[PDB]
2 protein chains.
Amino acid sequence: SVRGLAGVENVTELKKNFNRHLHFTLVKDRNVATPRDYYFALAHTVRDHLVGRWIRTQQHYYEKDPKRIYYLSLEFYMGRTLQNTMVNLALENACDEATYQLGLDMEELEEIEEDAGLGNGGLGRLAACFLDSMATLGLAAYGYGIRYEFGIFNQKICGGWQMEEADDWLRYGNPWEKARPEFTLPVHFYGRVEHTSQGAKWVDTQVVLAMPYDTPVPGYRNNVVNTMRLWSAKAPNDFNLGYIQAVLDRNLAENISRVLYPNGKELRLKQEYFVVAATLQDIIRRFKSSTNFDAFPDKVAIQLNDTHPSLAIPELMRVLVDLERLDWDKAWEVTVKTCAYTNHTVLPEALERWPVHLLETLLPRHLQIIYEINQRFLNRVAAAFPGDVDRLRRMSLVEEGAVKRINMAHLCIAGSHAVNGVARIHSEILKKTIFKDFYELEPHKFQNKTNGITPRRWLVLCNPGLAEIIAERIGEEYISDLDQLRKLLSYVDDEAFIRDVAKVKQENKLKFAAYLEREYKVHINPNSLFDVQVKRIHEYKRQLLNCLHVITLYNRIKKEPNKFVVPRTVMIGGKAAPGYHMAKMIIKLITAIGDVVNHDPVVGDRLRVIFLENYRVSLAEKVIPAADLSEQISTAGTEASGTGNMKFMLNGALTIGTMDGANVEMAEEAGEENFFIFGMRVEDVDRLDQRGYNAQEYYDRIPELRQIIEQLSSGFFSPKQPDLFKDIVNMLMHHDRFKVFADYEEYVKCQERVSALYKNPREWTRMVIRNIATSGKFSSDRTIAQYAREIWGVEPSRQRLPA
Amino acid sequence: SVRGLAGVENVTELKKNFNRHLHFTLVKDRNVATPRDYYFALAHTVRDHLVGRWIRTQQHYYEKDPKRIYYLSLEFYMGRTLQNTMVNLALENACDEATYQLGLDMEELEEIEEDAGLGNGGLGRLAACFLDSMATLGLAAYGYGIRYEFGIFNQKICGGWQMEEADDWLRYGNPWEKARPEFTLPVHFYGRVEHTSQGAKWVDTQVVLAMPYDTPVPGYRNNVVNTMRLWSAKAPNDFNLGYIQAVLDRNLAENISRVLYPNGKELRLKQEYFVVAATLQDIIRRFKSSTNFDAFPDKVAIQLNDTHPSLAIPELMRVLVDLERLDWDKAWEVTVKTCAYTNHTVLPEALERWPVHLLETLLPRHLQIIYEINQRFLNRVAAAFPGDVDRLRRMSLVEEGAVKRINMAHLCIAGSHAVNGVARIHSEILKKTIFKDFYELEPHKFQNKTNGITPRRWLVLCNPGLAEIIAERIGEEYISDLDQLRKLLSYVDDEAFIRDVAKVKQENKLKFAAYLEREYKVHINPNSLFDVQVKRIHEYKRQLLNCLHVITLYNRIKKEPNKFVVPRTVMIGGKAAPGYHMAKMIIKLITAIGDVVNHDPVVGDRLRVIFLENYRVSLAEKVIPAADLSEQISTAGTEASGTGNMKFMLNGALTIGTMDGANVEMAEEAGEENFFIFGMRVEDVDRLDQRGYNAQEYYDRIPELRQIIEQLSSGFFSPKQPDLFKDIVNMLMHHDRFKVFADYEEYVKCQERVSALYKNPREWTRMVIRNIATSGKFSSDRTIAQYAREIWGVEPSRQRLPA
Ligand SMILES: OC[C@H]1CN(CCCc2ccccc2)C[C@@H](O)[C@@H]1O
Ligand SMILES: OC[C@H]1CN(CCCc2ccccc2)C[C@@H](O)[C@@H]1O
């Protein structure tokens, strides 16, 4: 029903276009076609329905000439496109019927599509949700990035160890993209700066070509189709031009767009400048086709997703000053009013600081511009806070020391009219700590825009069962207006609704339990509580704290085997960065625990530990609707927002978490009685750091914790390699930056409360209903409406374009 | 008229499919579309008409299960595909009308298509003509090769010097190919040989993937559409699997299909094995889908185009012996009956001899097989010619010496049931000289198959004006039965026909003269005799002899300025191999002569020297119909056949040439009175070599020749670099392998006879008519019918498949 109408004319028309594409496009007959061929024929049929809208949307923007939004990101974690396109075009039921009549299962065909895995995690998925919301809200918005030939690696688990393999996502082709080789642009590297009578000139550069590929981004049932433009690196035709080697060395230039970096390398800097330089030429071209750059900020907004595209600031200055001949002060005025910066973390290991010698060689003109920006900026600090010499060194874009570095975050703050964090607590921490000096100089710049997720992909698409039972009571309006879910509060005592919510969850769990047996040959009890933590493997996300709880349960079972315990399936998934040794050790630990627990006859089906292999958007869409418990247990102050948390909330899971990131706002919206909050607050973490964190203290005073550490050390979980986990124990005991032991007791206690509530199915489900009903604020439609009004200066619209 | 019907239903249907493709396929509206977009929309519309026939042709072969022909070549010089497809499908007039009604010029759109330049010259063009003829003759034939990312380089002339640039022919895409990533095959390199109880095993190999791309090859109006399958190199997904570098090093494997070699490097050997290994797996798969390999030669013919795919012989043995477990003698019987080899030249510099140490490392199992082939072969020689020890060393596949080499030609003769040359004189030279020993052992193996050209591309397509005036008198049957052109003999005294032939030539010359002004800003007299030599720049093709004639004419004009001479436009074109210094010097000489001649006021428009830049198939289609005189002046015994010669003959040019290659058969067919033959015969060249060639003798006895040499030496043609041409003069005087001076006198004399005949337009044209009328034998339909009956053991057919 939420999947639209299956009209007689539409079903007939889809069937014939399907057959046309199979014959003419794929060059196949029905007798030689594989499931893959059928997928492609379907993909091309659905794609056809986009193009008319795509052309008229871009035609519409040319006529109306609205302010254009440029969202610059090095990551767009798109996942699969087929189902999303059907949903947004109201084609899902029609295609389902059309394929059924051809003797095909549409769900089977959907599984053939590769994830577009052009992101690592939350940052890349946020960009993807944002594109969806911008189209749904009728904004003239463009996503700009890089078309990586290889996305995030596929994770294979071999002997409990992560193995990486190339994600060759383009092998069979991408039906969604359109190459635009006609709009290829030159990008310059290296060379030197020459000063003449008429200003500076950047000369003797190497040229790399930037070739755009456009992907359509459909809005939800409004006939708006926006563009995601991704640049591909091409060598010029006179490149290096014995002969054979010159042709083979073209690879060097084209390596720029070859691979997405996981997580100061020259290739990464090249990628960062490549996307920025090509994108800005496009922006200016489009602006000139509307001399007078005073109107530039009225027609252009550039959003810098993290500091990765921060070179947009000195690149824009370069173009305005060196090429368009504007004076410095006017160019700077235009730059600041055009650009805005989103910070994504306070963790020092993630902050970009480029060695000066790199910029010197690669982008000599940009370094000069950065120096000049810094000088003028520091003069302003000096005048506002006279004599405060330490403030000057703290605020400088140039970090002095062993190697000189440029702080890209400081560059972004200076060159932007708005700086935002991604959840209220994160945004406050920014103003109180790392950007305190900048906030004191320019308080007006600093904002919050709490993250969100798209309810199209993260409810309608992945959980149609839940979307439907909601639509039955309150209609379909909530899909583009998620605040309407509040209406579900008046159904909290409705015995029919309670039964339906719980039924949808059980079906999801049954479906996922089947998926596990079929594609991974693993057997789980679908009646157990589905306890899931899925996200990148990092020490701050504290997968290890989860591991300690799992082992505690196992040790409690072995101690009192004939005592009753609420059965659990504990699922942990996520990728470790290839060079991150500790993260790789944690994965090994998780599998090692499973090896012991899953094969202990005394445990039975009361406890299972499963490591979810190759976590990615398409896997998320399967496991999230099946979850009962969402683990969001980062040390308070470390997780800027989180977005997985919101996905679980929308899909009927209860949350055990710390007061970190968006968890704080989630608990505020639902009421803290409907959340399982535990552990230190930010203030408690601060107190512990001042006093000094001593892990040994917890080890000495908690016998259950001591036993686990002794088990890890002695080789209980690694019988043939007794010291395998020495690194983990050492880290926990002596250099734990994230205070795992400090939250252990309260975590285990809170987990007991979870189990207690699960014993009462009716009251569990009523609490679930109170969560789903208050999850409205965490729609990316809300987030994007806030960016539009408070940063970009444009009004969202829900009005249809003509079909 | 020869361009088919323009029906009301067809024109209407083409127009709507054109618009569909522009909208849905290209994602453009009429207001943003460029000529390139229109070309692509047309290309896709025409392509649609192929697929139905393509699918049913391959379906037809599956049912009827005929003997399959595999033509293995490292070069396929296809040129443009659009017009050729229209011609063979009878769509040319219909598309012309359909585009006219859309407000488009179809000829303009045709110029946008890039040449598929996957060949160097005659060898690659021969393969292309052959594919056309095989489809036209209804043979179940497949062309197999490599999809080079970069074809033959684009030639730029800068300051009279050749510059090479990458031929990025795939930049805008190739509408004609269909990627078949589903039929990807593994190819092995390196590793080592292991001997077990159950035979040899090739282990520890590196794997490169071979991905096929299929291109349709339509027959002439018979609804047959055959396949050209070209392999692309892909790295496996666990390749080298810090992380980033492993992904970037995938380039190394994929370099195999990156670039076509011009003209013993490891990359070239890899290309040669790559095409062979992937192709043979395909051949065997298709054969198994018809255990019993006795029937293999009844169902499979493999034609080795030159020695480049010669590894097919030991690869086939490897598969049959190591994998299928056949005994050596039976496998060898199957191999010999399956394979046939075409030799393309007797020139030693072109013969492939691979260092043993290369094969040792790259293909260790193949080396073992080659040694075993040699041993068994030499035992057979020893038994046939007992005690003849020098014969044994001469015939060995293994050449001993400083470095040990494998002679790939000797390998091909031993492993093939048929060996052919490419013109009668060439085939005789093979038996008399380089393969004399092999001919004495197995006389039955040795054949001739004189080359041919396709009358579709080389008459109908490039010279519609001539095709039409011929069709007016004798009908359209000759297009697929070129012997019918003999009927034109009865029109040699027909005043109407004479006028028409001459009119078509003048129009072609006017059209080409306009092309030169527009695309190259050069001005020529269209009334002058168009004297043209187009082909690869090589010393044996004797472009230098042409240069000496040009200078002689210039010196004769300057001597008697007010004397009347027949005006000439001398056009020379062709590419020099990048590392071939002498060839590059000859190009410079040609331009240097033009610089002097074209700007001498005394000369006027009586003599022009033009160097035709970037010679290629599409340029050939323009200049050949415009030519009056075809220069085919290789030293007798060096040009195996030539095919350009035949193109010129078919298109109304008279030929000045030596008795070399197919020139001998061309003069035989037309009668020698209708050809301008001059110079030494093969026997005369032999006599001169025995005596010793002394260039000085000619210099001393011919004052006109002396003057030219003195002009070159003194710096007449290079005023600012007086010694620029020292290398050329030195070579001519002291180490001329091709005896340029020896043919000078007779050449200049013969050129005078040409000029005399040109003064009498009526008698020139009557001789032209006698040439065109006897050009029938040089159709590749004839050549291929001979291969089919005499080598492959199959019957050609002109019967239509159902439409
Ligand atoms: O804003 C999107 C997400 C962005 N991420 C950025 C994580 C950055 C990071 C990267 C490597 C190591 C530590 C941290 C944090 C989440 O809390 C947010 O929800
Ligand atoms: O058979 C096709 C052509 C094949 N070519 C092969 C030329 C090979 C060669 C390549 C480099 C240097 C010298 C010779 C010779 C022509 O006479 C033939 O017509």
Side-chain angles (χ1 to χ4, degrees), chain A residues 35-36 39-40 42-43 46-47 73-88 106-132 143 145-157 162-177 213 215-218 228 230 257-262 453-454 456-458 460-463 512 515-516 519-520 534-537 573-578 612-626 643-644 647, chain B residues 181 237 243 247:
Chain A
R36 168 160 284 105
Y39 158 68
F40 277 100
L42 184 53
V46 177
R47 177 194 171 278
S73 185
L74 266 84
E75 301 187 24
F76 288 97
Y77 207 166
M78 300 300 276
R80 295 165 176 163
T81 295
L82 177 61
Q83 199 179 354
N84 191 248
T85 305
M86 291 191 289
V87 171
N88 284 12
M106 193 169 75
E107 284 195 68
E108 187 198 325
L109 271 32
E110 279 158 351
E111 290 297 318
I112 288 143
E113 183 173 5
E114 311 270 27
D115 283 60
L118 303 198
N120 282 279
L123 176 61
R125 202 333 107 177
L126 190 74
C129 286
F130 277 11
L131 296 184
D132 180 271
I146 299 174
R147 182 180 179 270
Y148 302 112
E149 190 162 334
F150 301 92
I152 190 63
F153 58 89
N154 284 316
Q155 176 192 62
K156 286 266 181 71
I157 301 296
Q162 165 174 302
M163 302 293 297
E164 300 89 18
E165 67 169 46
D167 179 32
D168 197 15
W169 75 290
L170 294 169
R171 179 190 33 231
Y172 299 100
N174 178 8
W176 308 111
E177 77 193 359
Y213 285 75
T215 293
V217 183
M228 175 177 71
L230 302 181
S257 58
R258 197 80 74 203
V259 66
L260 164 72
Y261 278 81
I453 51 156
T454 179
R456 274 74 66 181
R457 187 170 293 269
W458 302 108
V460 182
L461 189 153
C462 67
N463 206 348
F512 189 72
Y515 170 79
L516 281 184
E519 256 71 23
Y520 294 111
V534 289
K535 60 252 261 87
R536 294 162 45 240
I537 311 308
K575 288 171 188 187
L612 259 24
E613 195 166 311
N614 202 26
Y615 180 65
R616 60 197 188 284
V617 173
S618 75
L619 189 54
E621 296 169 1
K622 291 176 175 75
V623 69
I624 294 173
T643 50
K647 299 172 198 175
Chain B
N237 288 338
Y243 165 68
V247 175

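Just so it is clear: chains get the letters A, B, ... in the order the sequence lines come, proteins before strands, and each one is counted from 1.
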From [X] atom [atom1] to [Y] atom [atom2], the distance as rounded to the nearest 0.5 Å:
X	Y	atom1	atom2	result
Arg125(A)	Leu123(A)	CZ	CG	12.5 Å
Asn154(A)	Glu613(A)	CG	CD	9.5 Å
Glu111(A)	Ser618(A)	CD	OG	7.0 Å

Mark yes or no: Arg147(A) above the aromatic ring of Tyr213(A), with NZ or CZ under 6.0 Å from the six-membered ring centre and no more than 45 degrees from the axis. yes
Measure from NZ or CZ of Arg258(A) to the centre of the six-membered ring of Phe150(A) and say whether it is under 6.0 Å with the direction within 45° of the ring axis. no
Could you walk me through whether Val46(A) and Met86(A) pass side-chain contact (heavy atoms from CB on, under 4.5 Å), step by step? CA-CA 7 Å; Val46(A) 177; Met86(A) 291 191 289; 4.1 Å; yes
Given side chains that start at C-beta, do those of [X] and [Y] come closer than 4.5 Å, heavy atoms only?
X	Y	result
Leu118(A)	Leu230(A)	yes
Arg80(A)	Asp115(A)	yes
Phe40(A)	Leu109(A)	no
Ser73(A)	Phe130(A)	no
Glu164(A)	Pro578(A)	yes
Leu131(A)	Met78(A)	yes
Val259(A)	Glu149(A)	no

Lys/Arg-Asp/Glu bridge criterion (N-O < 4.0 Å) met for [X], [Y]:
X	Y	answer
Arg171(A)	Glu114(A)	yes
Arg456(A)	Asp132(A)	yes
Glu519(A)	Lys622(A)	no
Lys156(A)	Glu165(A)	yes

What pair of heavy atoms forms the shortest contact from [X] to [Y], and how long is it?
X	Y	value
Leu82(A)	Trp176(A)	CA-CZ2, 3.7 Å
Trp169(A)	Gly151(A)	CD1-N, 4.1 Å
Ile453(A)	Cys129(A)	CA-SG, 3.9 Å
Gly117(A)	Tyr77(A)	CA-CE2, 3.6 Å
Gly573(A)	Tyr615(A)	C-CB, 4.2 Å
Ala43(A)	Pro175(A)	CB-CG, 4.0 Å

Quick one: ring pair (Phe, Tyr, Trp, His ring centres under 6.0 Å) partners of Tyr243(B), sequence neighbours excluded? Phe153(A)
What residues, two or more places apart in sequence or in another chain, satisfy ring pair (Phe, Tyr, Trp, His ring centres under 6.0 Å) together with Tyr261(A)?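 Per chain and number, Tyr261(A) pairs via ring pair (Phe, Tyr, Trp, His ring centres under 6.0 Å) with no residue.
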Stepwise side-chain contact (heavy atoms from CB on, under 4.5 Å) check, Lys575(A) with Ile152(A): CA-CA 9 Å; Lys575(A) 288 171 188 187; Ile152(A) 190 63; 4.0 Å; yes
Let me know which of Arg457(A), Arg616(A), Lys647(A) forms a side-chain hydrogen bond (donor to acceptor under 3.5 Å, both in side chains) with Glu621(A).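 The single option meeting the side-chain hydrogen bond (donor to acceptor under 3.5 Å, both in side chains) with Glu621(A) is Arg457(A).
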Does the pair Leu126(A) and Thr643(A) meet the rule for a side-chain contact (heavy atoms from CB on, under 4.5 Å), with working shown? CA-CA 8 Å; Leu126(A) 190 74; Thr643(A) 50; 4.2 Å; yes
Look at the side chain of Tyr148(A) and the backbone N and O of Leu74(A), then say whether any donor-acceptor pair between them is shorter than 3.5 Å.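 Side chain of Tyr148(A) to backbone of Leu74(A), a donor-acceptor pair under 3.5 Å: yes, one is there.
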Answer yes if the side chains of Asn120(A) and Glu75(A) hold a donor-acceptor pair under 3.5 Å, and no otherwise.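 Per modelled atom types, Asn120(A) and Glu75(A) side chains form a pair under 3.5 Å.
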Result of checking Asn88(A), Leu461(A), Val460(A) against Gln83(A) for side-chain contact (heavy atoms from CB on, under 4.5 Å): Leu461(A)
Walk me through whether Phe76(A) and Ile146(A) qualify under side-chain contact (heavy atoms from CB on, under 4.5 Å). CA-CA 9 Å; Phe76(A) 288 97; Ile146(A) 299 174; over 6 Å; no
